[PDB]
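Each chain is listed here by its residues.
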Amino acid sequence: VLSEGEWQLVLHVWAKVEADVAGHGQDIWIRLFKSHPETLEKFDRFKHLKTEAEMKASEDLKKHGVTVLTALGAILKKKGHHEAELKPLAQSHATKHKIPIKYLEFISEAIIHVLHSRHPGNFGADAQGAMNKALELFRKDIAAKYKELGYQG
Ligand code: HEM
């Protein structure tokens, strides 16, 4: 459970991210595919992308990034009361996409790195601490649902 102060640190930096959702979406995903290429195999629609240039030019990847960050944003804004939002997400990711928890840890790493680079003034040690805590909360609850749904993760 995060404190009200910790949530504020999270939503404060997120308000900046929302000024350019598409741009942040691309940076985060490209960072992920470059740092952990195996994740690219989960996308039968992006597995063909070879270079960072091709990725930055993909309109579909950009739209996916927006869809992803929008869903994450709605969750964070619930400040822990994200039960309703998580169920449908856990079902598709556990039964259809089959995304293991390890991959959620990898993207969490990408989110932090991108925020740290683009928003240094609003992403200090305390702010990163809160963001990490929020993402771990997300991962903890998703992994729980996974078990309930019959997927080890
Ligand atoms: C920060 C956590 C993430 C959030 C909030 C998120 C959100 C979403 C949403 C809302 C969709 C579309 C609706 C749906 O299928 O449920 C989606 C699709 C998808 N996600 Fe996630 N996702 C996350 C992380 C990941 C990761 C780490 C992977 C893979 C390494 C992944 C792989 C996919 C795939 C394969 C699709 C289907 C895309 C397509 O084929 O059109 N997601 N995700």
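Residues numbered from 1 in each chain as written, not as in the entry; some residues may be left out. Heavy atoms only, no water.

- As stated in the entry header, the method of structure determination is X-ray crystallography and the reported resolution is 1.9 Å.

- Identification of the chain as Myoglobin from Physeter catodon is taken from the PDB entry.
- UniProt, in its Subunit section for the chain, records the words "Monomeric."
- Note on the chain: under the UniProt heading Sequence similarities, the record states "Belongs to the globin family." (UniProt positions renumbered as here; feature names shortened; annotations may be inferred.)

So, the pattern of salt bridges
And then number 1: Within this structure, the stated rule accounts for eight salt bridges.
And then number 2: Among the salt bridges present, the one from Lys78 reaches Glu85, with a minimum N-O distance of 3.7 Å.
And then number 3: Under the relative-accessibility criterion, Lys78 is labelled partly exposed at 37%.
And then number 4: Each of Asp20, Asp27 and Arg118 takes part in salt bridges that share partners, so that together they form one network. (Salt bridge = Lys/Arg side-chain N within 4 Å of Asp/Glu carboxyl O. Buried < 20%, exposed > 50% of the residue type's maximum accessible area, 1.4 Å probe, protein only.)

A closer look at the packing of helix α1 (residues 4-17) against helix α4 (residues 59-76)
And then number 1: It is the contact of α1 with α4, at a shortest axis distance of 11 Å, that shows an interaxial angle of 150°. When the interaxial angle is binned, α1 and α4 end up roughly antiparallel. Classified by chirality, the crossing of α4 by α1 is left-handed. Judged by residue contacts, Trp7, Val10, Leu11, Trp14 and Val17 of α1 engage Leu69, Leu72, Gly73 and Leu76 from α4.
And then number 2: Taken together, the residues of the contact of α1 with α4 sort by class into eight nonpolar, one polar and no charged. (Axes fitted to C-alpha atoms, helices over the stretch in contact; angles between N-to-C directions. Helix = DSSP H or I, 4+ residues; strand = E, 2+ residues; numbered from the N terminus. Parallel < 35°, antiparallel > 145°, perpendicular 65-115°, else oblique. Left-handed = near helix turned anticlockwise from the far one by under 90°. Contact = heavy atoms within 4.5 Å. Nonpolar A, V, L, I, M, F, W, Y, C, P; charged D, E, K, R; others polar.)

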